[PDB]
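Undergrad: experimental structure and its sequence below.
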Amino acid sequence: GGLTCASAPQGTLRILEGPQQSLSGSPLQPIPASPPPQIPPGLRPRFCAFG
Amino acid sequence: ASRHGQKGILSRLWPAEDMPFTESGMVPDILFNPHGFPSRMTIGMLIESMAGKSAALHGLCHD
């Protein structure tokens, strides 16, 4: 009436919960790159010679 | 000193009438010997001079 060893298991199942990968879009930056410093339009000379 | 590691002592206070005046009437207030560039390669000072002169001329502020 006691507990005895039974037949060895024939296989093992290991369960884990996993989600999946999306598409590669690689959206690097809101406003991207190093935007260049640049000329103010027209500007004009702010200096003249004497005479 | 400048913002580029070019430190130096003040050796003279040159009279304001003995300074080399420019064709615009101006007269520098700092005289910096041009021989600190060749061995120290602080090319950022030569760009800061032009950037600051352009800023003072156009009323701008460059980065």
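TA: On my side now, so go ahead. Numbers count the residues shown, from 1 in each chain, chains lettered A, B, ... in the order given.
Undergrad: show me which residues of chain A sit near chain B.
TA: Within chain A, the positions near chain B by C-beta under 8 Å from any C-beta of the partner chain are A:37, A:40, A:43, A:46-47, A:49-50. In short, each C-beta sits where N, CA and C put it, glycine included.
Undergrad: name the nearest residue to the closest residue to chain B within chain A, sequence neighbours excluded.
TA: With C-beta to the nearest C-beta, the shortest gap between chain A and chain B falls at residue A:46, namely 5.5 Å. Counting by C-beta to C-beta, 6 or more residues apart in numbering or on different chains, residue B:57 is the residue found nearest to residue A:46 once chain neighbours are left out, at 5.5 Å.
Undergrad: where does that neighbour land in three-state SS?
TA: helix (DSSP: H, G, I helix; E, B strand; the rest coil).
Undergrad: that one: neighbouring residues, count only.
TA: As a burial measure, residue B:57 scores 12 neighbours (other C-beta atoms under 10 Å in any protein chain shown).
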